[PDB]
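Counted the way PDB author numbering counts, the sequence shown spans residues 1 to 163. Below is one structure, written out as structure tokens; comments come after it.
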Amino acid sequence: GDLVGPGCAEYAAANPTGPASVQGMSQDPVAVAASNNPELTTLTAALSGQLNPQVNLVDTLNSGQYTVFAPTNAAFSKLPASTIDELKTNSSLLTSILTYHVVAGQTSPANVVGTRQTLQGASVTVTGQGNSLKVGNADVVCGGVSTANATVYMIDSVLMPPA
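As structure tokens, this is what we get:
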């Protein structure tokens, strides 16, 4: 079959195989799974801790059917350094983001649409129909990339918990 999202298209072209693939990240847990994507490595570093040595969501993420909602390298970039340099120390304002960039439940790119709930606690206004998928105003780059026990839905915006 085929995945959902635009990037998912080009993505493959760039990373058709390997651990940074839809299948590669599968053999691995949501964590390492997203800790291979050349567009998640950034986000992961955060959750994991690489970015913030005061945070760690690798253990969590890799626990219970989740659904990564992951801010591509284009999402974070948009954000100013000051912000990033901040997430490289914070452990509450940053986590909220990460958490919000994940949903505990797991749902194909069909129902995921609508006001969902992120492991964080806030709601993630998902959207999309066919050849289009959005999330929290973001743009589902490549969604439906089920890893080991959690889905993956790359976006182009550093989703944030509205609360």
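All residues carry an ideal CB built from backbone N, CA and C; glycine is no exception.
In the DSSP assignment, residue 77 falls within the alpha helix (DSSP H) that extends over 73 to 78. Put simply, the backbone Cα of residue 57 is about 9 Å away from that of residue 44. Rounded to whole angstroms, residue 49 and residue 130 show a C-alpha spacing of 35 Å.
Look at residue 135 here: in three-state DSSP terms it is strand.
Judged by DSSP secondary structure, residue 27 falls within the alpha helix (DSSP H) whose first and last residues are 24 to 27. Spatial neighbours of residue 84 in its own chain (CB-CB distance under 7 Å, excluding positions within 5 residues in sequence) are listed in chain order as 76.
Comparing C-alpha distances from residue 111 to each of 98, 89, 99, 134 shows the shortest one belongs to 134. The beta-bridge partner set that DSSP reports for residue 117 consists of 123.
C-alpha of residue 95 to C-alpha of residue 140: approximately 21 Å in a straight line.
When the alpha-carbon of residue 89 is set against those of 120, 101, 47, the nearest one is in 47.
Rounded to the nearest angstrom, the gap between the Cα atoms of residue 28 and residue 70 is 16 Å. With contacts defined as CB atoms closer than 7 Å, residue 22 and residue 145 qualify as a contacting pair.
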